[PDB]
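Since the structure comes first, as structure tokens, the remarks are kept for the end.
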Amino acid sequence: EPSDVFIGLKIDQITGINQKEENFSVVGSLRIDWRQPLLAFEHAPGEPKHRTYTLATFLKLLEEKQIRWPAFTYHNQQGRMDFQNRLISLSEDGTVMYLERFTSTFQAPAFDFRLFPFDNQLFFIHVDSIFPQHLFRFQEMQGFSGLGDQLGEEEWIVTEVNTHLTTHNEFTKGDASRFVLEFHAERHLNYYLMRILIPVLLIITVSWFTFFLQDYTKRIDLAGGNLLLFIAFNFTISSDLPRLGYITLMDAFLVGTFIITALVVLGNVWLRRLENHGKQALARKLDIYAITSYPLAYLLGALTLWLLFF
Amino acid sequence: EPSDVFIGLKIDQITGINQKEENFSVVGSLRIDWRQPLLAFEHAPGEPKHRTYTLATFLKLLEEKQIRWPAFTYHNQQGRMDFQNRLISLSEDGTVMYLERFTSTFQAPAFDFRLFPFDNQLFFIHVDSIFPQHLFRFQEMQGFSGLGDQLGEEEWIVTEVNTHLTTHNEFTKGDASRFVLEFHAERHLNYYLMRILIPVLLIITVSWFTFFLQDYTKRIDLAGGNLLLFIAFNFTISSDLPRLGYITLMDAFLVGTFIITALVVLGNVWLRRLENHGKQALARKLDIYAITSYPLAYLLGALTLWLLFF
Amino acid sequence: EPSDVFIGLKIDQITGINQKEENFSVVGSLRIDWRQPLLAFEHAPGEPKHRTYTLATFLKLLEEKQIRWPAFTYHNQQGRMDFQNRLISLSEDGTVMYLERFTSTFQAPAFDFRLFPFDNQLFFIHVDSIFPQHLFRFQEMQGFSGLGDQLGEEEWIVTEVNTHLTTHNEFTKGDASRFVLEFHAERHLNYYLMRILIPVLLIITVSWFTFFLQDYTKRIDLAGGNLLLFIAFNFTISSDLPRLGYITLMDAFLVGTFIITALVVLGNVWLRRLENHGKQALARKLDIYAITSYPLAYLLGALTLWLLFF
Amino acid sequence: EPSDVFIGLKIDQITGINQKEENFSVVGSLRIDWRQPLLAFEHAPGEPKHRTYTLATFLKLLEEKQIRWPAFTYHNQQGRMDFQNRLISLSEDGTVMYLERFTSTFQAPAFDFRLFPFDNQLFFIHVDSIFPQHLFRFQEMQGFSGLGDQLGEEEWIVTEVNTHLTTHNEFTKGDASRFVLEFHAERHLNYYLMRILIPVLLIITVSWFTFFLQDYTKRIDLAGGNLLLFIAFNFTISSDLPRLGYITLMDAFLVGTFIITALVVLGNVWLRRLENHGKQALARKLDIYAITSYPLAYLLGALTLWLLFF
Amino acid sequence: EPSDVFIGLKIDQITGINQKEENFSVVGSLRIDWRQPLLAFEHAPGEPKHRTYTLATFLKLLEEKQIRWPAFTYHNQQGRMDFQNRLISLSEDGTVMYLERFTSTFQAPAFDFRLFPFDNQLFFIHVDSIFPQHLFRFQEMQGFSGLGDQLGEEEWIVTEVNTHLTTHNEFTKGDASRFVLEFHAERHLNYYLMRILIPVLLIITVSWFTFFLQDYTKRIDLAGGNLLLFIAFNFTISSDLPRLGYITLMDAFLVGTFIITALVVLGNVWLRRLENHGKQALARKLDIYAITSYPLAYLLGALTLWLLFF
Ligand SMILES: CCCCCCCCCO[C@@H]1O[C@H](CO)[C@@H](O)[C@H](O)[C@H]1O
Ligand SMILES: CCCCCCCCCO[C@@H]1O[C@H](CO)[C@@H](O)[C@H](O)[C@H]1O
Ligand SMILES: CCCCCCCCCO[C@@H]1O[C@H](CO)[C@@H](O)[C@H](O)[C@H]1O
Ligand SMILES: CCCCCCCCCO[C@@H]1O[C@H](CO)[C@@H](O)[C@H](O)[C@H]1O
Ligand SMILES: C[C@H](N)Cc1ccc(Br)cc1
Ligand SMILES: C[C@H](N)Cc1ccc(Br)cc1
Ligand SMILES: C[C@H](N)Cc1ccc(Br)cc1
Ligand SMILES: C[C@H](N)Cc1ccc(Br)cc1
Ligand SMILES: C[C@H](N)Cc1ccc(Br)cc1
């Protein structure tokens with residue numbers, strides 16, 4: 001008969017989501033109800049019926065009694081877990097009540113930048129029983145597991161949280177319990193609008209104004225400068241993200257501007273070629289194309305992407 | 001009858017307030033008076049009436065006597081708390097005197113950048129009893145809890161400190177004590193004046209001087225360069241702050257300049273268009289507008305913000 | 001007669017490969033089966049036949065019985081190893097079952113940047129018995145040692161994993177066991193294409209378009225600007241890597257552009273020299289060379305490297 | 001009768017002085033002579049008369065004997081103190097000899113940037129007795145406390161060290177001992193000369209040379225470029241320092257250049273205005289002012305500061 | 001009679017040499033043979049003749065027997081030392097065999113940047129006996145102390161390693177043992193050639209080509225731009241190094257270029273002054289100087305340094 005273990009995991013804080021290293025960090029409380037008959041005791045009245053134990057001596061106790069604790073790992077933990085509380089309460093009955101507060105970092109291998117910055121993502125913590133389900137079953141501690149209401153995370157905003165149980169075969173080849181706390185968040189795009197999109201559109205629009213000057217040299221010098229500008233924005237954006245082998249939506253948008261800008265140069269080179277060759281008045285005829293290919297090439301662009309990537 | 005616990009928390013240092021990660025860090029002393037009748041002892045004369053204990057053995061003592069300690073957590077702690085002292089003194093009476101010095105980082109989810117850089121903010125530490133108020137009540141240790149007077153924090157300057165008690169329901173569903181040390185600080189704006197405001201005004205004013213040259217090409221080249229300048233200041237400022245989904249006052253000020261600057265380009269494009277079209281003397285007439293739209297567009301700006309955001 | 005130790009090492013995560021410091025970091029589980037008859041006990045009917053031990057007390061047990069544990073080191077460990085689990089299970093038989101989960105960083109002195117960014121690399125962890133092979137032999141725990149399938153590492157992609165045994169003479173001058181987990185990964189070049197190659201080609205190609213303007217001044221000013229651009233890319237790339245004493249393929253590609261660009265200047269200086277000397281129409285004759293030396297000098301370049309370094 | 005405690009604190013290394021966070025870091029040894037009669041023991045002749053103890057068991061000893069240790073804190077410690085040695089030697093007499101080696105970071109709230117980079121500063125470590133001077137008095141361990149002669153700190157250079165005693169009232173309201181190790185260092189200005197002063201003077205002087213070209217356009221374009229240059233130097237320097245609410249000497253020097261440069265623009269705008277208005281030969285007359293206002297405005301500057309801030 | 005202690009220190013890795021903070025970091029094994037007759041034991045046929053001990057219980061053993069351990073410190077250790085192994089083996093004879101693996105950072109106050117980047121440097125670790133040479137003598141454990149051949153450090157390359165013994169007077173005023181592991185390394189200059197020297201020479205050489213255009217304006221604009229370029233390289237290089245009060249060879253090389261570049265401006269200003277004054281054909285005569293002062297001023301420079309600093 002497998003004895004049941006009641007796994008609660010609440011997340012008081014999201015300290016931060018480092019999307020470049022594909023992890024997130026949380027202040028969290030873990031809560032475990034586990035009844036061991038064998039840990040039951042009897043108290044004379046005037047001696048409390050609930051014992052309070054440092055995990056340190058609670059385990060040194062289980063080791064004397066050679067009782068098995070339902071040993072667990074956080075499977076997607078990264079680095080150290082700076083514990084605040086590791087505290088046992090034990091009723092006459094032998095119901096163990098373990099609480100574990102901590103800061104730690106966790107793997108988010110659930111990261112899909114395909115649609116960056118528009119993407120929504122899955123963050124999850126895996127609590128695994130080391131021991132199989134013949135010995136210990138994880139059940140859902142009720143009215144606890146979830147996300148608190150002072151997470152302090154400004155870029156992301158959490159759509160929904162789910163709790164569920166399932167199995168693994170990590171160290172055992174017997175099926176073992178895995179309690180899972182999943183949450184999706186999606187990205188507050190203000191930052192991106194404000195720092196990336198708005199500037200780029202300013203640069204593109206102001207750039208276009210200088211077309212009404214009808215100086216093709218000054219257009220080419222301008223468009224050439226824009227190129228480096230975008231190539232910069234290319235490095236601003238690259239450094240938010242990993243060295244992905246896959247192509248972001250952002251990546252398209254930029255290479256988009258690159259292509260246009262290069263052809264703005266090439267086009268105005270050829271308009272300027274015609275002034276150089278005594279066809280000034282023809283270049284002036286063709287000019288109206290050049291002037292209304294700018295906004296259309298960049299709006300043809302807005303639907304090359306918004307279709308291809310939506 | 002719940003036995004009372006006397007919670008003092010002093011802050012010797014503000015090591016720093018990291019506003020990008022929305023936390024702060026402090027060197028702090030915690031002080032607890034808690035009388036346990038059962039911890040009372042009797043001393044032969046020539047043996048001190050005050051026992052001095054490593055927390056390590058003080059808890060191993062409480063575990064022998066199966067006495068409950070008023071276990072607490074720092075609810076808004078982030079990461080590890082590098083303790084210096086964890087020291088118990090115990091009178092014949094059984095009055096426990098716990099002292100806990102530490103450096104730690106703390107969540108400041110109280111962060112309102114709406115008015116950055118002019119904002120004032122709330123920093124607070126939450127000390128929670130794990131156990132309900134049926135067992136332990138937190139009371140305010142008098143003549144201790146507050147902030148020291150070499151905090152060493154130069155950007156912020158602390159308006160006031162408040163201490164008060166209240167409840168939580170973190171692990172228990174019984175009401176539990178929470179001792180709170182709140183402080184407000186506000187921001188020394190020297191840095192912002194010196195590095196952001198002064199430059200931007202210089203750039204804007206000097207820029208304007210070159211209008212009296214009456215070269216519309218040279219105005220457009222100039223205003224176009226200012227744009228990138230501001231777009232830079234846009235990234236200087238962005239990196240002090242998180243990737244907020246909300247719009248700073250700073251954010252406005254910049255997008256403010258962006259809008260004007262773009263229209264400075266557009267306007268001087270059109271003045272220059274008139275020289276190109278044999279209306280040089282008209283463009284020269286209109287010029288006085290162009291020359292006194294600069295200072296007014298940027299002072300119309302000073303009240304677009306100072307109203308919208310005050 | 002040496003007692004055998006059964007060494008399993010699985011890698012649940014690659015937290016990251018820091019190629020500048022020539023190390024990598026992993027979440028990993030170590031598993032050891034080791035039968036000590038002397039640890040055998042009697043599994044009295046009704047009493048559990050499997051003892052569960054904190055490493056802490058398991059070693060304090062071996063120290064009472066003065067039994068030797070097969071002490072091991074991770075030979076290529078760097079810094080601290082933040083352990084999650086260090087857990088012993090011991091049958092009546094005296095079969096010790098040690099599990100050790102951890103995050104740690106590891107030396108990758110196997111790093112060959114000669115072909116960066118095209119290179120493939122060897123990452124390996126060395127688990128050494130401190131004690132010789134007269135006392136303890138490492139054997140391969142079967143159906144465990146390998147790499148998990150949520151590593152979360154986006155730039156690298158793992159070709160293959162190998163496990164094998166061998167010896168060392170680190171502290172002993174007697175031969176000692178070394179269990180080795182090797183893996184090769186190779187680099188997703190998207191990043192490099194997207195951020196380095198594409199831009200550089202844009203700069204080079206757009207640059208070339210402005211040749212059809214037939215302004216040698218404007219070519220020289222342009223090529224001079226490209227130089228600094230590349231010199232920048234030289235610092236972008238330098239800082240992904242160590243301060244190598246050996247010359248990358250990347251290093252060549254850049255110095256490649258440098259050489260061409262400098263000679264583009266020198267060539268167009270001399271074309272412009274001829275306009276200055278009343279041989280405008282000759283410079284115009286020679287121009288066709290200048291215009292079709294650009295694409296050929298940079299494609300002569302594409303096979304100076306692709307041969308020299310392949 | 002208060003028993004005396006003999007406090008030695010030597011600083012083997014200055015690991016570094018982080019002036020932006022207003023702290024410094026040191027490798028240090030602490031040494032304490034403290035005679036407890038009650039810890040005295042009797043040596044049967046041929047048995048050693050000096051006991052050597054891990055602090056771990058030395059305190060577990062004091063806890064058995066319920067003897068009070070003269071518990072101390074480092075009052076201006078920041079974060080963790082990575083101890084190397086914590087070692088007790090105890091003679092027949094009962095003379096405790098505690099040694100404590102460590103790396104730690106310390107608050108330097110003694111930081112006066114008013115004269116940066118010319119400033120000299122106070123670094124100090126506070127060792128406080130937790131217990132009052134009715135129980136324990138701190139006295140100066142002689143021929144130990146000071147600074148070593150391989151600190152390895154290159155920017156600062158230590159003028160003098162002082163050791164002295166005083167009181168506090170941190171946790172007690174009884175007077176308590178505080179042993180203090182103060183040192184002043186002052187700043188090797190080479191760095192500042194080499195990277196800040198020399199460049200700025202070059203920029204200013206070379207800039208001035210181009211005046212002898214008598215092109216007022218080319219002066220205005222030049223002075224405008226200098227402005228951004230200085231605005232850069234403004235950010236180089238700002239980031240060495242905190243976000244001070246007070247105004248550095250450095251801050252003046254820069255805003256100095258800003259003011260001049262802006263008025264260089266304004267002046268040459270007006271010289272150029274006169275060429276635009278058919279008064280070319282007058283602008284040429286006035287020119288000699290413009291040419292010898294540059295060196296005088298920037299040398300009028302050298303005594304606006306060298307007086308105001310000396 | 002002082003009992004002898006046999007000190008071996010091997011360095012498996014150089015994790016890195018941080019030259020800006022003047023330290024280095026190493027994975028290392030420490031090995032100590034120390035015979036204590038008093039720890040000698042006798043066994044029945046069955047119990048091994050070599051006892052294996054956690055340092056934890058080995059010291060708790062020495063504390064029972066009140067035996068003195070030859071306590072040591074790493075004198076030039078910085079921060080924490082993340083230990084992997086701390087393992088005692090003890091023969092019947094009472095020969096203690098302590099092994100200590102670790103990562104730690106170490107002071108290199110042996111740092112002479114005078115000749116940067118050409119400099120060679122001394123790295124050393126100091127292992128000190130706390131106790132004098134009346135009690136414990138350090139002797140050299142043979143066939144161990146040295147450096148391994150997978151250090152993994154790419155910029156430096158180790159010339160030679162030395163071991164020797166000597167004394168200190170750190171805490172004692174009696175002479176005490178200090179085992180020293182010294183190594184010299186020198187710097188792979190590839191990085192510096194590739195990123196600093198090559199560019200600077202390109203900039204200087206290409207710059208010179210544009211002289212054959214015979215446009216003194218375009219030379220002055222060019223040389224002025226070079227200045228800022230070098231002033232940038234001045235900040236690249238400054239930040240590899242500390243804020244030394246002493247002047248690098250690098251520092252000279254840069255200030256070298258600064259001086260020349262400024263005088264290139266000044267000279268071409270004066271050539272251009274002569275065109276402005278109707279002496280165009282004279283400036284053209286003098287030009288040949290200007291054109292062959294560039295390569296000579298910068299090669300006169302190559303021996304101003306290579307003599308002054310060699
Ligand atoms: C690239 C294709 C078409 C021409 C555009 C090139 C730039 C136009 C003039 O600006 C200059 O650009 C340099 C690098 O290009 C900068 O280093 C320099 O400070 C800037 O003054
Ligand atoms: C840039 C959009 C604004 C266009 C309006 C005319 C402004 C032209 C001046 O800026 C130029 O821009 C390039 C990058 O675009 C820079 O490389 C170059 O140093 C700079 O001289
Ligand atoms: C801005 C100061 C106003 C006073 C007059 C000086 C004119 C200088 C404007 O050209 C600048 O050229 C740089 C090329 O390196 C650009 O990067 C920069 O954006 C652009 O503004
Ligand atoms: C070096 C090869 C010969 C031609 C190019 C000369 C040096 C680099 C060109 O960029 C220059 O750099 C400055 C920004 O740093 C600008 O102020 C300047 O106007 C711009 O043109
Ligand atoms: C390895 C775990 N930290 C040990 C533990 C697990 C469950 C309970 Br209930 C108590 C202790
Ligand atoms: C910080 C730990 N909860 C330990 C503790 C022990 C005693 C008292 Br009084 C308060 C707390
Ligand atoms: C050095 C290791 N941490 C100690 C140890 C090794 C092997 C086994 Br089986 C148990 C404990
Ligand atoms: C809190 C300190 N770690 C305890 C201590 C202080 C002084 C001496 Br002497 C020994 C121990
Ligand atoms: C500082 C060390 N913890 C003490 C030590 C040194 C040497 C030997 Br042998 C054993 C212990």
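How things are named: the first chain in the structure tokens is A, the next is B, and so on; residues count from 1 in each chain; ligands count from 1 in the order shown.
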As a quick test: using only C-alpha atoms and all ligand atoms, which residues lie no more than 6 Å away from ligand 4? Give them as a VMD selection string. (chain C and resid 220 to 221 224 to 225) or (chain E and resid 203 206 to 207 222 225 to 226 228 to 229)
Environment of ligand 6 within 10 Å, counting only C-alpha atoms and all ligand atoms, reported as a ChimeraX atom specification: /A:54,84-87 /B:5-7,30-36,55-56,58-59,62,68-74,86-89,95-100,129-130
Go through chain B residue by residue and, counting only C-alpha atoms, keep those with an atom at most 9 Å from chain A; for each kept residue give the shortest atom pair and its distance in Å to one decimal, ordered by chain and increasing number, as CSV.
residue,atom,partner,partner_atom,distance
B:21,CA,A:16,CA,7.3
B:22,CA,A:152,CA,7.2
B:23,CA,A:15,CA,8.6
B:59,CA,A:54,CA,8.1
B:60,CA,A:57,CA,8.3
B:63,CA,A:53,CA,6.8
B:66,CA,A:51,CA,6.5
B:67,CA,A:52,CA,7.8
B:68,CA,A:52,CA,6.1
B:69,CA,A:52,CA,8.1
B:71,CA,A:87,CA,8.6
B:72,CA,A:85,CA,8.4
B:73,CA,A:84,CA,6.7
B:74,CA,A:84,CA,7.9
B:75,CA,A:12,CA,8.1
B:76,CA,A:13,CA,7.9
B:77,CA,A:27,CA,7.8
B:78,CA,A:103,CA,6.2
B:79,CA,A:103,CA,5.0
B:80,CA,A:82,CA,5.1
B:81,CA,A:82,CA,8.3
B:107,CA,A:152,CA,7.6
B:108,CA,A:152,CA,7.6
B:109,CA,A:152,CA,4.7
B:110,CA,A:152,CA,8.2
B:111,CA,A:152,CA,8.6
B:170,CA,A:144,CA,8.7
B:171,CA,A:144,CA,7.9
B:220,CA,A:210,CA,8.3
B:224,CA,A:206,CA,7.7
B:227,CA,A:203,CA,8.1
B:228,CA,A:203,CA,8.3
B:231,CA,A:199,CA,6.6
B:234,CA,A:195,CA,6.7
B:235,CA,A:195,CA,7.0
B:238,CA,A:195,CA,7.6
B:242,CA,A:154,CA,7.0
B:243,CA,A:155,CA,5.1
B:244,CA,A:154,CA,5.3
B:245,CA,A:188,CA,4.7
B:246,CA,A:190,CA,6.6
B:247,CA,A:190,CA,7.5
B:251,CA,A:194,CA,7.7
B:255,CA,A:194,CA,8.3
B:258,CA,A:202,CA,7.7
B:259,CA,A:202,CA,8.4
B:262,CA,A:206,CA,5.9
B:263,CA,A:206,CA,8.3
B:265,CA,A:206,CA,6.9
B:266,CA,A:209,CA,6.1
B:269,CA,A:210,CA,6.4
B:270,CA,A:212,CA,7.9
B:272,CA,A:213,CA,7.0
B:273,CA,A:213,CA,5.9
B:276,CA,A:213,CA,7.8
Saved selection, atoms kept: C-alpha atoms, as a tab-separated table (two decimals), in the first residue's frame:
chain	number	residue	atom	x	y	z
B	21	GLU	CA	15.17	44.36	-10.61
B	22	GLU	CA	12.70	46.12	-8.20
B	23	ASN	CA	14.47	45.10	-4.93
B	59	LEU	CA	17.15	25.04	19.16
B	60	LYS	CA	18.71	21.59	20.00
B	63	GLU	CA	13.99	20.15	20.76
B	66	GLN	CA	9.93	19.78	22.94
B	67	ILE	CA	9.19	23.55	23.46
B	68	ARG	CA	7.83	25.49	20.44
B	69	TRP	CA	9.96	28.45	19.18
B	71	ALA	CA	9.28	30.39	14.09
B	72	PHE	CA	9.24	33.37	11.65
B	73	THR	CA	10.05	34.01	7.93
B	74	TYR	CA	11.06	37.24	6.13
B	75	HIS	CA	8.16	37.07	3.59
B	76	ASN	CA	9.68	39.50	0.99
B	77	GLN	CA	13.30	38.11	1.31
B	78	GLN	CA	15.05	37.42	-2.04
B	79	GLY	CA	18.00	34.96	-2.30
B	80	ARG	CA	20.32	34.21	0.66
B	81	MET	CA	20.62	36.20	3.93
B	107	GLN	CA	11.34	42.56	-2.81
B	108	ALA	CA	10.12	46.17	-3.34
B	109	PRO	CA	7.01	45.37	-5.45
B	110	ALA	CA	5.90	48.91	-4.25
B	111	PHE	CA	7.66	50.52	-7.30
B	170	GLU	CA	0.41	32.16	4.29
B	171	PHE	CA	0.68	28.48	5.48
B	220	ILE	CA	17.57	69.30	-41.45
B	224	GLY	CA	18.03	64.50	-38.00
B	227	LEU	CA	16.76	62.52	-33.35
B	228	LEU	CA	19.41	59.72	-33.06
B	231	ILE	CA	16.99	57.83	-29.45
B	234	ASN	CA	16.04	56.71	-24.91
B	235	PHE	CA	18.38	53.65	-24.40
B	238	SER	CA	15.50	52.56	-20.60
B	242	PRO	CA	12.61	47.44	-16.00
B	243	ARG	CA	10.78	46.55	-19.25
B	244	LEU	CA	7.68	48.27	-17.81
B	245	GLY	CA	4.31	47.85	-19.59
B	246	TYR	CA	3.45	51.38	-18.32
B	247	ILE	CA	4.68	54.75	-19.68
B	251	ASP	CA	9.26	58.22	-21.64
B	255	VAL	CA	8.80	60.93	-27.28
B	258	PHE	CA	11.10	62.92	-30.99
B	259	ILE	CA	7.77	64.44	-32.23
B	262	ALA	CA	10.66	65.09	-36.64
B	263	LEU	CA	8.41	68.15	-37.35
B	265	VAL	CA	12.83	68.23	-40.08
B	266	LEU	CA	9.46	68.24	-41.92
B	269	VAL	CA	12.20	70.33	-45.59
B	270	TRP	CA	9.28	72.49	-46.77
B	272	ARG	CA	13.98	74.27	-48.35
B	273	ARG	CA	11.40	73.02	-50.91
B	276	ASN	CA	14.25	74.81	-54.69
Which of region 24-195 of chain C counts as alpha helix (DSSP H) under DSSP, as an NGL selection string please? :C and (55-64 or 190-192)
Residues as selected, C-alpha atoms, written as a PDB file, in the first residue's frame, can you do that?
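So the final result, stored in out-v6.pdb, reads:
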ATOM      1  CA  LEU C  55      24.960  11.253   3.253  1.00  0.00           C
ATOM      2  CA  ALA C  56      25.700  13.183   6.511  1.00  0.00           C
ATOM      3  CA  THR C  57      24.850  10.144   8.774  1.00  0.00           C
ATOM      4  CA  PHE C  58      25.702   7.434   6.128  1.00  0.00           C
ATOM      5  CA  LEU C  59      29.383   8.567   6.366  1.00  0.00           C
ATOM      6  CA  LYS C  60      29.177   8.945  10.216  1.00  0.00           C
ATOM      7  CA  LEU C  61      28.011   5.241  10.014  1.00  0.00           C
ATOM      8  CA  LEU C  62      30.959   4.143   7.760  1.00  0.00           C
ATOM      9  CA  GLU C  63      33.249   6.027  10.255  1.00  0.00           C
ATOM     10  CA  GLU C  64      31.827   4.025  13.260  1.00  0.00           C
ATOM     11  CA  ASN C 190      21.676  31.322 -37.509  1.00  0.00           C
ATOM     12  CA  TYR C 191      22.920  33.902 -34.929  1.00  0.00           C
ATOM     13  CA  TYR C 192      26.181  34.497 -36.929  1.00  0.00           C
TER      14      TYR C 192
END
Applying 7 Å and only C-alpha atoms, which residues near residue 122 (chain C) remain after dropping the ones on its own chain fewer than 2 positions away? List them as a list in words.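 Here the answer would be residues 110, 124, 182, 183, 184 and 185 of chain C.
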Just write the chosen residues, N, CA and C atoms, as a PDB file, in the first residue's frame.
ATOM      1  N   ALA C 110      38.800  21.422 -24.077  1.00  0.00           N
ATOM      2  CA  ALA C 110      38.690  20.744 -25.389  1.00  0.00           C
ATOM      3  C   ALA C 110      38.284  21.729 -26.504  1.00  0.00           C
ATOM      4  N   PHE C 124      33.166  17.307 -21.733  1.00  0.00           N
ATOM      5  CA  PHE C 124      33.319  16.065 -20.950  1.00  0.00           C
ATOM      6  C   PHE C 124      33.375  16.404 -19.461  1.00  0.00           C
ATOM      7  N   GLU C 182      31.606  12.017 -22.109  1.00  0.00           N
ATOM      8  CA  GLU C 182      31.927  12.916 -23.253  1.00  0.00           C
ATOM      9  C   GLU C 182      30.643  13.217 -24.032  1.00  0.00           C
ATOM     10  N   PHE C 183      30.500  14.439 -24.543  1.00  0.00           N
ATOM     11  CA  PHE C 183      29.525  14.768 -25.613  1.00  0.00           C
ATOM     12  C   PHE C 183      30.152  15.806 -26.542  1.00  0.00           C
ATOM     13  N   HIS C 184      29.919  15.636 -27.844  1.00  0.00           N
ATOM     14  CA  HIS C 184      30.161  16.677 -28.873  1.00  0.00           C
ATOM     15  C   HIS C 184      28.852  17.416 -29.111  1.00  0.00           C
ATOM     16  N   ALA C 185      28.941  18.732 -29.249  1.00  0.00           N
ATOM     17  CA  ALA C 185      27.878  19.566 -29.837  1.00  0.00           C
ATOM     18  C   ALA C 185      28.501  20.392 -30.950  1.00  0.00           C
TER      19      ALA C 185
END
If you run DSSP on the backbone here, which positions in region 68-306 of chain A get strand (DSSP E or B)? Please write them as an NGL selection string. :A and (72-74 or 77-91 or 95-107 or 120-132 or 136-140 or 146-147 or 156-168 or 176-187)
Can you work out the spacing between CA of residue 298 (chain B) and atom 8 (C, counted along the ligand's line) of ligand 2 in Å, to one decimal? 21.2 Å
Interatomic distance between CA of residue 201 (chain C) and CA of residue 257 (chain C)?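 Distance reported for this atom pair: 10.4 Å.
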May I have the residues within 10 Å of residue 256 (chain D) as a tab-separated table (two decimals) with N, CA and C atoms, in the first residue's frame, using only C-alpha atoms and disregarding those fewer than 3 positions away in the same chain?
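So around.tsv came out as:
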chain	number	residue	atom	x	y	z
D	250	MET	N	34.79	67.31	-10.94
D	250	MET	CA	34.63	66.73	-12.29
D	250	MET	C	33.36	67.32	-12.92
D	251	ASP	N	32.21	67.23	-12.24
D	251	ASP	CA	30.92	67.72	-12.78
D	251	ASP	C	31.05	69.15	-13.28
D	252	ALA	N	31.70	70.01	-12.49
D	252	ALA	CA	31.93	71.43	-12.87
D	252	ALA	C	32.72	71.46	-14.18
D	253	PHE	N	33.91	70.87	-14.17
D	253	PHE	CA	34.87	70.86	-15.31
D	253	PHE	C	34.14	70.58	-16.63
D	259	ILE	N	29.33	74.80	-21.42
D	259	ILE	CA	29.00	76.25	-21.46
D	259	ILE	C	29.86	76.89	-22.54
D	260	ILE	N	31.19	76.79	-22.42
D	260	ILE	CA	32.14	77.42	-23.39
D	260	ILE	C	31.74	77.00	-24.80
D	261	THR	N	31.75	75.69	-25.04
D	261	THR	CA	31.49	75.07	-26.36
D	261	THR	C	30.21	75.68	-26.95
D	297	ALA	N	38.74	81.75	-22.44
D	297	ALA	CA	37.48	81.20	-21.89
D	297	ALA	C	37.77	79.89	-21.15
D	298	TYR	N	38.67	79.06	-21.68
D	298	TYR	CA	39.06	77.74	-21.11
D	298	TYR	C	40.19	77.91	-20.08
D	301	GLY	N	38.37	79.52	-17.15
D	301	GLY	CA	37.75	78.30	-16.60
D	301	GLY	C	38.66	77.61	-15.58
D	302	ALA	N	39.96	77.49	-15.88
D	302	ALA	CA	40.99	76.79	-15.06
D	302	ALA	C	41.15	77.46	-13.69
D	304	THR	N	38.29	79.60	-12.47
D	304	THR	CA	36.90	79.56	-11.95
D	304	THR	C	36.77	78.34	-11.02
D	305	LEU	N	37.40	77.22	-11.39
D	305	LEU	CA	37.34	75.94	-10.65
D	305	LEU	C	38.42	75.93	-9.57
Can you tell me which residues surround residue 42 (chain C) at a distance of at most 10 Å, considering only C-alpha atoms, apart from same-chain residues fewer than 2 positions away, and format the answer as a ChimeraX atom specification? /C:40,44-45,47-49,91-93
Kindly give the distance, in Å, that separates CA of residue 163 (chain B) and CA of residue 181 (chain B), rounded to a single decimal.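 A separation of 5.0 Å between them.
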Nearby residues (only C-alpha atoms) at most 9 Å from residue 112 (chain E), same-chain spacing under 6 positions excluded, as a VMD selection string: chain E and resid 119 to 122
